[PDB]
Engineer: 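My structure is below; once you've seen it, I'll send some questions.
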Amino acid sequence: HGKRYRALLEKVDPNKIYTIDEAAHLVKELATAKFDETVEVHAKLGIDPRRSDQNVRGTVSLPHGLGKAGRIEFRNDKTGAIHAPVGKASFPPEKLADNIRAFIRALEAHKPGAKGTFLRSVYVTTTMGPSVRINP
Amino acid sequence: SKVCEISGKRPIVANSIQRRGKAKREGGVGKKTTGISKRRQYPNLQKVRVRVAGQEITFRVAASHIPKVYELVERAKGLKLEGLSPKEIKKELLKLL
Amino acid sequence: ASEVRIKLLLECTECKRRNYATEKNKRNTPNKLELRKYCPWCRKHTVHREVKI
Amino acid sequence: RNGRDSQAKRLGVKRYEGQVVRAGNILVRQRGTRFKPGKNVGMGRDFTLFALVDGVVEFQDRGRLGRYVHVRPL
RNA sequence: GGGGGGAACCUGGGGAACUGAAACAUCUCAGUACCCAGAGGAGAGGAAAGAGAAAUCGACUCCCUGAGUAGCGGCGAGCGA
RNA sequence: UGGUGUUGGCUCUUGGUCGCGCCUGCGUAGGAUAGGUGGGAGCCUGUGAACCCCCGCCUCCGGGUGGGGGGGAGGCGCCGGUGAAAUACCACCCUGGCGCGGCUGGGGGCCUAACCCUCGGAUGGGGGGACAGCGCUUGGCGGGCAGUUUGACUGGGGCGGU
RNA sequence: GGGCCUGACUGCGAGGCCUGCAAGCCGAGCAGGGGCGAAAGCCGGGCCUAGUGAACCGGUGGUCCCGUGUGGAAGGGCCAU
RNA sequence: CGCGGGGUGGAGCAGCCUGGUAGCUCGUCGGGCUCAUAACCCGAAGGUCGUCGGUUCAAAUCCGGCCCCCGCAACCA
RNA sequence: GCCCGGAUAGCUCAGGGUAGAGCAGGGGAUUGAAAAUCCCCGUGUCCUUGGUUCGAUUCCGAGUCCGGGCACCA
Ligand SMILES: [Mg+2]
Ligand SMILES: [Mg+2]
Ligand SMILES: [Mg+2]
Ligand SMILES: [Mg+2]
Ligand SMILES: [Mg+2]
Ligand SMILES: [Mg+2]
Ligand SMILES: [Mg+2]
Ligand SMILES: [Mg+2]
Ligand SMILES: [Mg+2]
Ligand SMILES: [Mg+2]
Ligand SMILES: [Mg+2]
Ligand SMILES: [Mg+2]
Ligand SMILES: [Mg+2]
Ligand SMILES: [Mg+2]
Ligand SMILES: [Mg+2]
Ligand SMILES: [Mg+2]
Ligand SMILES: [Mg+2]
Ligand SMILES: [Mg+2]
Ligand SMILES: [Mg+2]
Ligand SMILES: [Mg+2]
Ligand SMILES: [Mg+2]
Ligand SMILES: [Mg+2]
Ligand SMILES: [Mg+2]
Ligand SMILES: [Mg+2]
Ligand SMILES: [Mg+2]
Ligand SMILES: [Mg+2]
Ligand SMILES: [Mg+2]
Ligand SMILES: [Mg+2]
Ligand SMILES: [Mg+2]
Ligand SMILES: [Mg+2]
Ligand SMILES: [Mg+2]
Ligand SMILES: [Mg+2]
Ligand SMILES: [Mg+2]
Ligand SMILES: [Mg+2]
Ligand SMILES: [Mg+2]
Ligand SMILES: [Mg+2]
Ligand SMILES: [Mg+2]
Ligand SMILES: [Mg+2]
Ligand SMILES: [Mg+2]
Ligand SMILES: [Mg+2]
Ligand SMILES: [Mg+2]
Ligand SMILES: [Mg+2]
Ligand SMILES: [Mg+2]
Ligand SMILES: [Mg+2]
Ligand SMILES: [Mg+2]
Ligand SMILES: [Mg+2]
Ligand SMILES: [Mg+2]
Ligand SMILES: [Mg+2]
Ligand SMILES: [Mg+2]
Ligand SMILES: [Mg+2]
Ligand SMILES: [Mg+2]
Ligand SMILES: [Mg+2]
Ligand SMILES: [Mg+2]
Ligand SMILES: [Mg+2]
Ligand SMILES: [Mg+2]
Ligand SMILES: [Mg+2]
Ligand SMILES: [Mg+2]
Ligand SMILES: [Mg+2]
Ligand SMILES: [Mg+2]
Ligand SMILES: [Mg+2]
Ligand SMILES: [Mg+2]
Ligand SMILES: [Mg+2]
Ligand SMILES: [Mg+2]
Ligand SMILES: [Mg+2]
Ligand SMILES: [Zn+2]
């Protein structure tokens, strides 16, 4: 964990719940890589992956999109985590929170059903940057 | 196995109900009662020995009302005892009740 | 019915209700029954898939 | 070892010639086509013969073509 | 001041079984019969931490009615506000 | 027989299981110890880079990995090859360890003052001792005892058979 | 024997067979939405008659009918099993 | 007689819930070791599964008849 | 029904890569009657069915049989 990544580790209080709005704020402040990073949105899904029935595939995106339309995918791994692009190293705020908001709405559209509150643990990060907690 | 000298608690009779089966709540057929016989439920009588007016005095009391014994001793620290026999100190403490 | 000839339900794949009960031999036919069947809630024919009775 | 038997099944024809029958009246109870269905007679999944119209029952022997029960409307 | 007695009636503490269920165990008989304590010319109960849908009634007790209703029930026999 | 009440004063010793630290994950191919997806074209290094003393931790049987010293410009990754899958780096996690702290347990030891026993002597001495006894509650054994069930047909009933 | 299929239908049922009860059997034809056929038509499983089990209690999926002052909920009803 | 079990190379036993396959030990026979016999070692033969019938494409196997063997029962008089 | 074992070669058994251990039975070295011992065999419905995998004896859904304990049976 070299010198750079700590600077960003000064910028994220570990004991805090952030907002769909707060995310778009801090994210353009953990992208201190030397390239226009992608913003990654993660979640720990509340289902069994071994269960053939309960499962997450599907396609979104909109509004803005991949920017590499902008249709993205999301499939859970064998562990129950989902995560996906997009979002980029600006991409202004209040223009990414909208993007980040609608991805959470899907998958929140695909509870197989399963057991509990779907979006158990949720997270938002950048490519070479720390994580932020956020609130679906 | 008798009557609380403070509270009046005495043995009561109760049924002992033996049941088989799975509760409906748990998705069972229901509960069936495989025997009802009579039994007695007893106060948790114990002995509290206590020194009042330099005299050893024992109450046979239910555990629940044990604190009430040293309470009457607290109220009795104000009446003419000495030199009553233990039986009559007992009567006088009980009157404070 | 038996261990191998089972009882089972047909569930309209569109509205997910069970409209038919029937049997099958799960050795001769180890795959969920998919048939077409009048669904009286949908009031049209629908593919029903096999569901555990 | 023995001692068994099954219930009598009360077979046979239930309306003879000249009898007036309402429609779905049963005409013959049978196993197989001892009697074949004729004019105005249907045959159920168990070879039961029944009148398909109000009428008068009539029997016909057609040789190797079998015996036939008909209903003639009135 | 108490003690002991009193036909039945009364309240409290205890509390069956035959029987019914055409067997029987839950259930029934029945909180009955009986034992015990206590009270009296009666006893109990009694001035809402009530009822329960009327924005309602108004301590208790007793009769009629509500009603064999609502319900309870090996949802059986029955039991029963 | 577990919990708990009566039921108190000290004390040693352990084991589980949750939470953040950390590592850990190896068929054969492959540079070789590849956990799973997703981001990813850059990433570390003057806050000390490639190696190969010391340890600690592990290891599949090649090595991996953390802390410490040595040093004195470099390492990676992309590319590309084999690949079912690709290597940096980052994120969310899965498996199983490891310390630190929740919590919850079992195996002790002493003490005296409730309880218990006992001493021609008793507001006391001595002995047991928070056990035992006793209350509520849990499961177990339980013809010692209690209530009952233990079918019908039938060339009598039983046995047989139905 | 082959092609295409799922009528091994849903909502009904004149009429009868059988019959102590209860059960058990057959059923033309009407509607919905289908299959096969050029069509007539046939199809509510199998050439037929064995391959089975009333209630009660409870499980599951529906339904959204009841919901102990009201809105919910608990729990129940109804349909399917 | 009733109930239960059984009959398979020469002997004593598997196999048959379970249809398509007959196996173990000893014995027998041919060969070796030994001076010779046994023990031991190598190799082989021998069963149509009590018998008749049925079911089946196929019967040791499943079903029935008949024969025989074993165990149990036959009580209130 | 709930939990824990079991079902992998001819016997008895070990275990996301896969099929190995001791014996059974075959070989070959020991130079030998024998055992013992070393190298070498390899026979595997991994109890079914479906599913996730590059790959399933292994993991997940549904089943079957056997043992221990518990519970339930209109
Ligand atoms: Mg009880
Ligand atoms: Mg009950
Ligand atoms: Mg005490
Ligand atoms: Mg208490
Ligand atoms: Mg007979
Ligand atoms: Mg008859
Ligand atoms: Mg007959
Ligand atoms: Mg028909
Ligand atoms: Mg004529
Ligand atoms: Mg008594
Ligand atoms: Mg009776
Ligand atoms: Mg009797
Ligand atoms: Mg009784
Ligand atoms: Mg009384
Ligand atoms: Mg009375
Ligand atoms: Mg008196
Ligand atoms: Mg008066
Ligand atoms: Mg009065
Ligand atoms: Mg009074
Ligand atoms: Mg008042
Ligand atoms: Mg009820
Ligand atoms: Mg009943
Ligand atoms: Mg009563
Ligand atoms: Mg106890
Ligand atoms: Mg306590
Ligand atoms: Mg305490
Ligand atoms: Mg001690
Ligand atoms: Mg104790
Ligand atoms: Mg007990
Ligand atoms: Mg007993
Ligand atoms: Mg007895
Ligand atoms: Mg009785
Ligand atoms: Mg008795
Ligand atoms: Mg009985
Ligand atoms: Mg008789
Ligand atoms: Mg006779
Ligand atoms: Mg006679
Ligand atoms: Mg006889
Ligand atoms: Mg008999
Ligand atoms: Mg249809
Ligand atoms: Mg009719
Ligand atoms: Mg009738
Ligand atoms: Mg028709
Ligand atoms: Mg039509
Ligand atoms: Mg048509
Ligand atoms: Mg056509
Ligand atoms: Mg047509
Ligand atoms: Mg045919
Ligand atoms: Mg019910
Ligand atoms: Mg409902
Ligand atoms: Mg309400
Ligand atoms: Mg309403
Ligand atoms: Mg219906
Ligand atoms: Mg023989
Ligand atoms: Mg076999
Ligand atoms: Mg010889
Ligand atoms: Mg010689
Ligand atoms: Mg024979
Ligand atoms: Mg044949
Ligand atoms: Mg034959
Ligand atoms: Mg054969
Ligand atoms: Mg033969
Ligand atoms: Mg006798
Ligand atoms: Mg005799
Ligand atoms: Zn439908």
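By convention in this document, chain letters (A, B, ...) are assigned in the order of the sequence lines, proteins followed by strands, and residues within each chain are numbered from 1. All values below come from the heavy atoms of this structure, side chains included, with hydrogens, waters and symmetry mates left out.
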Engineer: Give the ring-plane orientation class for C:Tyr20 versus C:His48, where under 30° counts as parallel, over 60° as perpendicular and anything between as tilted.
Structural biologist: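 Judged by the thresholds at 30° and 60°, the geometry between C:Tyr20 and C:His48 is perpendicular.
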Engineer: Within the structure shown, what part of the strands sits under 4.0 Å from B:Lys47 by heavy-atom distance: base, sugar-phosphate, or nothing?
Structural biologist: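 Touches sugar-phosphate only.
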Engineer: Would D:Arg62 count as a cation-pi partner of D:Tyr68, with NZ or CZ less than 6.0 Å from the six-membered ring centre and within 45° of the ring normal?
Structural biologist: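 Cation-pi check for D:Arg62 and D:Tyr68: passes.
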Engineer: Does D:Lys14 or C:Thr22 map to a spot on RNA chain G nearer the 5' end, using the closest nucleotide for each?
Structural biologist: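 The 5'-side residue here is C:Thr22.
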Engineer: Using the six-membered ring of each base, decide whether G:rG44 stacks on its neighbour G:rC43 (centre distance under 5.5 Å, planes under 30°).
Structural biologist: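 Not both cut-offs are satisfied, so the bases of these neighbours are not stacked.
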Engineer: If you look at every strand shown and take non-hydrogen atoms under 4.0 Å, does B:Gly35 touch a base, only sugar-phosphate, or nothing?
Structural biologist: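 B:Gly35: no heavy atom of the nucleic acid under 4.0 Å.
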Engineer: Could you tell me whether E:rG50 is syn or anti, where syn means a glycosidic angle within 90 degrees of zero?
Structural biologist: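 Anti, angle beyond 90° from zero.
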Engineer: Does this structure show an ion pair linking C:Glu23 with C:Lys7, if we count only N-O contacts that are shorter than 4.0 Å?
Structural biologist: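 No, C:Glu23 and C:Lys7 are not salt-bridged.
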Engineer: Assess whether one donor atom and one acceptor atom, taken from the side chain of B:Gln46 and the base of F:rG133, lie less than 3.5 Å apart.
Structural biologist: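 Between F:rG133 and B:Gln46, which were checked side chain against base, a qualifying N/O pair under 3.5 Å is present.
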Engineer: With heavy atoms under 4.0 Å as the rule, sort B:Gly27 into base, sugar-phosphate or nothing.
Structural biologist: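 Result for B:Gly27 = sugar-phosphate.
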Engineer: Using a 4.0 Å heavy-atom cut-off, does A:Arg133 contact any base of the nucleic acid, only the sugar-phosphate backbone, or nothing at all?
Structural biologist: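 Nothing, no heavy atom under 4.0 Å.
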Engineer: Looking across every strand, which nucleic acid part, if any, lies under 4.0 Å from B:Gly28 by heavy atom: base, sugar-phosphate, or nothing?
Structural biologist: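 B:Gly28: backbone/sugar contact only, no base atoms under 4.0 Å.
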Engineer: Are H:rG9 and H:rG10 stacked bases, their six-membered ring centres under 5.5 Å apart and their planes under 30 degrees apart?
Structural biologist: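 Under the 5.5 Å and 30 degree rule, these bases do not stack.
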Engineer: Look at the side chain of D:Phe47 and decide which nucleotide, out of F:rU47, F:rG39, G:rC48, has an atom nearest to it.
Structural biologist: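 Among F:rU47, F:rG39, G:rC48, the one nearest the side chain of D:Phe47 is G:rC48.
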Engineer: Is B:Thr34 touching bases, backbone alone, or none of the nucleic acid, heavy atoms closer than 4.0 Å?
Structural biologist: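 If one applies the 4.0 Å heavy-atom cut-off, B:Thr34 turns out to touch nothing in the nucleic acid.
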Engineer: Find out if a path of hydrophobic residues (ILVMFWY) with successive side-chain heavy-atom gaps under 4.5 Å connects C:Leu33 to C:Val47.
Structural biologist: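 No: no chain of side-chain contacts under 4.5 Å links C:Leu33 to C:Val47.
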Engineer: Rounded off to whole Å, could you give me the NZ-to-P distance for the A:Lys34 and F:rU45 pair?
Structural biologist: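 One finds 11 Å between P of F:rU45 and NZ of A:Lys34, rounded.
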Engineer: Test the consecutive nucleotides G:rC64 and G:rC65 for base stacking (six-membered ring centres under 5.5 Å, planes under 30 degrees) and report the result as yes or no.
Structural biologist: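 Flagged as non-stacked, criteria not both satisfied.
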Engineer: If we check the six-membered rings of F:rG9 and its strand neighbour F:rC10, are the centres under 5.5 Å apart with planes under 30°?
Structural biologist: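 As far as the 5.5 Å and 30° test goes, F:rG9 stacks onto F:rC10.
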Engineer: Could you tell me how the ring of A:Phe91 sits relative to the ring of A:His64: parallel (under 30°), tilted (30 to 60°) or perpendicular (over 60°)?
Structural biologist: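 Ring orientation, 0 to 90° scale: tilted.
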Engineer: Given that H:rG53 and H:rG54 are neighbours in the strand, would their base rings pass a stacking test of centres under 5.5 angstrom and planes under 30 degrees?
Structural biologist: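 As far as the 5.5 Å and 30° test goes, H:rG53 stacks onto H:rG54.
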Engineer: Does this structure show an ion pair linking B:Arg51 with B:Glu56, if we count only N-O contacts that are shorter than 4.0 Å?
Structural biologist: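 Yes.
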Engineer: Scan B:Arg51 against the nucleic acid and name what it touches under 4.0 Å (heavy atoms): base, sugar-phosphate only, or nothing.
Structural biologist: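 Base: the residue B:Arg51, judged by heavy atoms under 4.0 Å, touches a nucleobase.
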Engineer: Classify the nucleic acid contact of C:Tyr38 as base, sugar-phosphate or nothing, counting any heavy atom under 4.0 Å across all strands shown.
Structural biologist: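 The answer is base, as C:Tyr38 lies within the cut-off (heavy atoms under 4.0 Å) of a base atom.
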Engineer: Determine the contact category for A:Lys3: base if any of its heavy atoms lies under 4.0 Å from a base atom, sugar-phosphate if only primed atoms, P, OP1 or OP2 are that close, otherwise nothing.
Structural biologist: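 Result for A:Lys3 = base.
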Engineer: Both C:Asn19 and D:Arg31 contact RNA chain G. Which one's nearest nucleotide lies toward the 5' end?
Structural biologist: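 Comparing both residues, the 5'-ward one is C:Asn19.
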Engineer: With a 4.5 Å cut-off on side-chain heavy atoms, are A:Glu40 and A:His83 touching?
Structural biologist: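 The answer is no, as the side chains (C-beta and beyond) never meet within the 4.5 Å cut-off.
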Engineer: Can you tell me, in whole Å, how much space there is between the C1' of F:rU24 and that of F:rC60?
Structural biologist: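 One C1' to the other, the span is 13 Å.
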Engineer: Report the glycosidic orientation of F:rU104: syn if within 90° of 0, anti in every other case.
Structural biologist: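 Here the answer is syn: the torsion falls within 90° of 0.
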Engineer: Do B:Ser7 and B:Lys68 get their side chains close enough for a donor-acceptor pair, meaning under 3.5 Å?
Structural biologist: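 Checked: B:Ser7/B:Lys68 side chains show no N/O donor-acceptor pair below 3.5 Å.
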Engineer: Under 4.0 Å from any atom of RNA chain G, heavy atoms only: list the residues of residues 42-53 of chain C that qualify, in numerical order.
Structural biologist: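 RNA chain G contact set from residues 42-53 of chain C: C:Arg43, C:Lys44, C:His45, C:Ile53.
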Engineer: I'd like to know if D:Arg45 reaches the base of G:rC26 with its side chain, counting only an N/O donor and acceptor under 3.5 Å.
Structural biologist: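 There is none.
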